[PDB]
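S.K.: Sharing final.pdb below, PDB, C-alpha atoms (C1' of nucleotides):
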MODEL        1
ATOM      1  CA  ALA A  50      38.119  36.836   2.154
ATOM      2  CA  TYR A  51      35.179  39.233   2.675
ATOM      3  CA  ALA A  52      34.592  42.974   2.543
ATOM      4  CA  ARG A  53      35.408  45.132   5.562
ATOM      5  CA  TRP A  54      33.399  47.834   7.331
ATOM      6  CA  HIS A  55      34.577  51.420   7.797
ATOM      7  CA  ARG A  56      34.153  53.541  10.927
ATOM      8  CA  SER A  57      35.153  57.210  10.944
ATOM      9  CA  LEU A  58      35.722  59.277  14.081
ATOM     10  CA  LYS A  59      33.233  62.051  13.289
ATOM     11  CA  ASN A  60      30.106  59.887  13.033
ATOM     12  CA  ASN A  61      31.156  56.298  13.899
ATOM     13  CA  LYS A  62      29.693  55.265  10.535
ATOM     14  CA  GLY A  63      31.116  53.814   7.349
ATOM     15  CA  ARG A  64      30.581  51.886   4.137
ATOM     16  CA  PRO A  65      31.848  48.530   2.835
ATOM     17  CA  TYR A  66      34.736  48.272   0.399
ATOM     18  CA  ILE A  67      36.921  45.698  -1.354
ATOM     19  CA  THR A  68      40.680  45.868  -0.931
ATOM     20  CA  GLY A  69      42.862  45.477  -3.998
ATOM     21  CA  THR A  70      44.514  42.310  -2.691
ATOM     22  CA  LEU A  71      41.389  40.209  -3.307
ATOM     23  CA  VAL A  72      41.196  41.390  -6.921
ATOM     24  CA  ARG A  73      44.935  40.828  -7.343
ATOM     25  CA  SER A  74      44.656  37.243  -6.083
ATOM     26  CA  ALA A  75      41.634  36.521  -8.284
ATOM     27  CA  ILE A  76      43.400  37.920 -11.357
ATOM     28  CA  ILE A  77      46.508  35.873 -10.534
ATOM     29  CA  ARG A  78      44.462  32.673 -10.276
ATOM     30  CA  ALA A  79      42.551  33.335 -13.503
ATOM     31  CA  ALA A  80      45.731  34.209 -15.411
ATOM     32  CA  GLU A  81      47.402  31.044 -14.119
ATOM     33  CA  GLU A  82      44.504  28.907 -15.342
ATOM     34  CA  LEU A  83      44.445  30.683 -18.718
ATOM     35  CA  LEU A  84      48.188  30.241 -19.247
ATOM     36  CA  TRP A  85      47.956  26.568 -18.280
ATOM     37  CA  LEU A  86      45.146  25.923 -20.754
ATOM     38  CA  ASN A  87      46.953  27.891 -23.490
ATOM     39  CA  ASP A  88      50.282  26.067 -22.906
ATOM     40  CA  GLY A  89      52.104  29.309 -22.158
ATOM     41  CA  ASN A  90      51.026  31.165 -25.311
ATOM     42  CA  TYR A  91      47.750  33.127 -25.360
ATOM     43  CA  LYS A  92      47.486  35.209 -28.551
ATOM     44  CA  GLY A  93      51.174  36.106 -28.590
ATOM     45  CA  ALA A  94      51.461  36.781 -24.836
ATOM     46  CA  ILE A  95      54.125  34.193 -24.051
ATOM     47  CA  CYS A  96      54.953  33.840 -20.362
ATOM     48  CA  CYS A  97      57.013  31.853 -17.855
ATOM     49  CA  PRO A  98      55.605  30.179 -14.718
TER      50      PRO A  98
ATOM     51  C1'   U B   1      40.200  51.889   2.907
ATOM     52  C1'   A B   2      44.386  47.847   0.978
ATOM     53  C1'   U B   3      50.411  47.206  -0.002
ATOM     54  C1'   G B   4      52.617  43.512  -4.114
ATOM     55  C1'   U B   5      57.190  37.117  -5.748
ATOM     56  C1'   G B   6      51.930  32.814  -1.815
ATOM     57  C1'   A B   7      44.044  33.862   0.266
ATOM     58  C1'   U B   8      40.687  25.538  -1.378
ATOM     59  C1'   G B   9      36.561  30.216   3.800
ATOM     60  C1'   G B  10      31.640  27.759  -2.460
ATOM     61  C1'   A B  11      36.044  25.118   3.586
ATOM     62  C1'   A B  12      30.267  24.364   7.801
ATOM     63  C1'   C B  13      21.869  22.301   6.639
ATOM     64  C1'   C B  14      20.193  26.195  12.910
ATOM     65  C1'   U B  15      20.152  21.178  12.835
ATOM     66  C1'   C B  16      17.795  17.414  16.547
ATOM     67  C1'   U B  17      13.292  15.964  20.187
ATOM     68  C1'   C B  18       7.179  17.079  21.302
ATOM     69  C1'   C B  19      -1.453  14.338  19.231
ATOM     70  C1'   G B  20      -3.880  22.379  19.844
ATOM     71  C1'   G B  21      -5.173  18.079  23.772
ATOM     72  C1'   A B  22      -8.767  18.137  28.180
ATOM     73  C1'   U B  23     -14.176  19.208  30.960
ATOM     74  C1'   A B  24     -19.569  20.936  29.662
ATOM     75  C1'   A B  25     -27.397  17.503  27.689
ATOM     76  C1'   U B  26     -28.981  24.653  23.677
ATOM     77  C1'   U B  27     -31.499  23.943  28.056
ATOM     78  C1'   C B  28     -35.986  26.631  31.103
ATOM     79  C1'   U B  29     -41.838  29.175  36.479
ATOM     80  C1'   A B  30     -42.307  32.865  40.838
ATOM     81  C1'   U B  31     -43.197  37.560  41.010
ATOM     82  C1'   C B  32     -41.476  42.449  39.996
ATOM     83  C1'   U B  33     -41.626  47.376  42.398
ATOM     84  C1'   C B  34     -40.896  51.468  47.895
ATOM     85  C1'   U B  35     -42.781  55.661  50.512
ATOM     86  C1'   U B  36     -48.183  55.855  53.108
ATOM     87  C1'   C B  37     -49.677  60.416  56.402
ATOM     88  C1'   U B  38     -52.286  61.613  62.100
ATOM     89  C1'   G B  39     -57.315  58.391  59.966
TER      90        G B  39
ENDMDL
END
Take the structure in this file and express it as structure tokens.
M.R.:
Amino acid sequence: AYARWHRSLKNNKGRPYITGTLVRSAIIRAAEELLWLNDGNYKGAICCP
RNA sequence: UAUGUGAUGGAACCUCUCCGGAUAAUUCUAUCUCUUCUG
């Protein structure tokens, strides 16, 4: 659940980054909580579980 | 630099144990210095 470290061949150096899966999971969790608290209707955005 | 119908990692105290201690009167007398030229 943390950021990874890059390592290229040319210099054996890199920079940290965040994969999209972490953001996807966080958005899924937040949307689930929002839909639960809105009883499946948040400003006209009706949804199924 | 992921690959997608599924990530409680905020899901974990560098914590625990150990006398900066021990010994000492702010006291007091013998020289110092080497080359002199027949004596």
S.K.: In Å to one decimal, how far is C1' of residue 9 (chain B) from CA of residue 86 (chain A)?
M.R.: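 Between CA of residue 86 (chain A) and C1' of residue 9 (chain B) the gap works out to 26.4 Å.
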S.K.: Find the residues in chain A near chain B: any atom within 10 Å counts, using all atoms listed in the file. Write them as a PyMOL selection string.
M.R.: chain A and resi 50-51+53-55+64-71+73-75
S.K.: Excluding residue 97 (chain A) and its own-chain neighbours fewer than 3 positions away, which residues fall within 10 Å of it when counting only C-alpha atoms (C1' of nucleotides)? Please give them as a list in words.
M.R.: residues 84, 89 and 90 of chain A
S.K.: What does the distance from CA of residue 80 (chain A) to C1' of residue 10 (chain B) come to in Å, to one decimal?
M.R.: 20.2 Å
S.K.: Could you tell me how far CA of residue 94 (chain A) lies from CA of residue 78 (chain A), in Å and to one decimal?
M.R.: 16.7 Å
S.K.: From the list A:92, A:52, A:57, A:98, which residue is nearest residue 72 (chain A) when using all atoms listed in the file?
M.R.: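 The answer is A:52, which sits nearest to residue 72 (chain A).
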S.K.: Could you give me the centre and size, in Å to one decimal, of an axis-aligned box around all listed atoms of region 53-57 of chain A with 6 Å added on every side, as JSON?
M.R.:
{"center_x": 34.4, "center_y": 51.2, "center_z": 8.3, "size_x": 14.0, "size_y": 24.1, "size_z": 17.4}
S.K.: Could you model N, CA, C and O atoms for region 73-85 of chain A and present them as a PDB file, in the frame of the given file?
M.R.:
ATOM      1  N   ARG A  73      43.632  41.282  -6.869  1.00  0.00           N
ATOM      2  CA  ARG A  73      44.935  40.828  -7.343  1.00  0.00           C
ATOM      3  C   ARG A  73      45.039  39.309  -7.299  1.00  0.00           C
ATOM      4  O   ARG A  73      45.500  38.682  -8.259  1.00  0.00           O
ATOM      5  N   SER A  74      44.599  38.697  -6.196  1.00  0.00           N
ATOM      6  CA  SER A  74      44.656  37.243  -6.083  1.00  0.00           C
ATOM      7  C   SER A  74      43.752  36.569  -7.107  1.00  0.00           C
ATOM      8  O   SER A  74      44.136  35.566  -7.723  1.00  0.00           O
ATOM      9  N   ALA A  75      42.543  37.103  -7.302  1.00  0.00           N
ATOM     10  CA  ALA A  75      41.634  36.521  -8.284  1.00  0.00           C
ATOM     11  C   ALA A  75      42.210  36.609  -9.692  1.00  0.00           C
ATOM     12  O   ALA A  75      42.131  35.647 -10.467  1.00  0.00           O
ATOM     13  N   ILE A  76      42.799  37.756 -10.038  1.00  0.00           N
ATOM     14  CA  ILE A  76      43.400  37.920 -11.357  1.00  0.00           C
ATOM     15  C   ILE A  76      44.580  36.972 -11.523  1.00  0.00           C
ATOM     16  O   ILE A  76      44.777  36.388 -12.595  1.00  0.00           O
ATOM     17  N   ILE A  77      45.377  36.794 -10.466  1.00  0.00           N
ATOM     18  CA  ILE A  77      46.508  35.873 -10.534  1.00  0.00           C
ATOM     19  C   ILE A  77      46.022  34.455 -10.808  1.00  0.00           C
ATOM     20  O   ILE A  77      46.561  33.750 -11.670  1.00  0.00           O
ATOM     21  N   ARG A  78      44.987  34.023 -10.084  1.00  0.00           N
ATOM     22  CA  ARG A  78      44.462  32.673 -10.276  1.00  0.00           C
ATOM     23  C   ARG A  78      43.911  32.483 -11.686  1.00  0.00           C
ATOM     24  O   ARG A  78      44.192  31.470 -12.347  1.00  0.00           O
ATOM     25  N   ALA A  79      43.132  33.455 -12.170  1.00  0.00           N
ATOM     26  CA  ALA A  79      42.551  33.335 -13.503  1.00  0.00           C
ATOM     27  C   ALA A  79      43.628  33.326 -14.580  1.00  0.00           C
ATOM     28  O   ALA A  79      43.549  32.550 -15.539  1.00  0.00           O
ATOM     29  N   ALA A  80      44.643  34.183 -14.440  1.00  0.00           N
ATOM     30  CA  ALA A  80      45.731  34.209 -15.411  1.00  0.00           C
ATOM     31  C   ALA A  80      46.512  32.903 -15.394  1.00  0.00           C
ATOM     32  O   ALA A  80      46.932  32.412 -16.447  1.00  0.00           O
ATOM     33  N   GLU A  81      46.723  32.331 -14.207  1.00  0.00           N
ATOM     34  CA  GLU A  81      47.402  31.044 -14.119  1.00  0.00           C
ATOM     35  C   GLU A  81      46.627  29.967 -14.866  1.00  0.00           C
ATOM     36  O   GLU A  81      47.202  29.197 -15.647  1.00  0.00           O
ATOM     37  N   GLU A  82      45.311  29.909 -14.648  1.00  0.00           N
ATOM     38  CA  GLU A  82      44.504  28.907 -15.342  1.00  0.00           C
ATOM     39  C   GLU A  82      44.525  29.127 -16.852  1.00  0.00           C
ATOM     40  O   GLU A  82      44.636  28.165 -17.627  1.00  0.00           O
ATOM     41  N   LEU A  83      44.429  30.386 -17.287  1.00  0.00           N
ATOM     42  CA  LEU A  83      44.445  30.683 -18.718  1.00  0.00           C
ATOM     43  C   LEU A  83      45.769  30.280 -19.356  1.00  0.00           C
ATOM     44  O   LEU A  83      45.789  29.681 -20.437  1.00  0.00           O
ATOM     45  N   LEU A  84      46.886  30.605 -18.702  1.00  0.00           N
ATOM     46  CA  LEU A  84      48.188  30.241 -19.247  1.00  0.00           C
ATOM     47  C   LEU A  84      48.372  28.731 -19.275  1.00  0.00           C
ATOM     48  O   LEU A  84      48.975  28.195 -20.212  1.00  0.00           O
ATOM     49  N   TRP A  85      47.868  28.026 -18.259  1.00  0.00           N
ATOM     50  CA  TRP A  85      47.956  26.568 -18.280  1.00  0.00           C
ATOM     51  C   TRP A  85      47.176  25.991 -19.452  1.00  0.00           C
ATOM     52  O   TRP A  85      47.662  25.101 -20.159  1.00  0.00           O
TER      53      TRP A  85
END
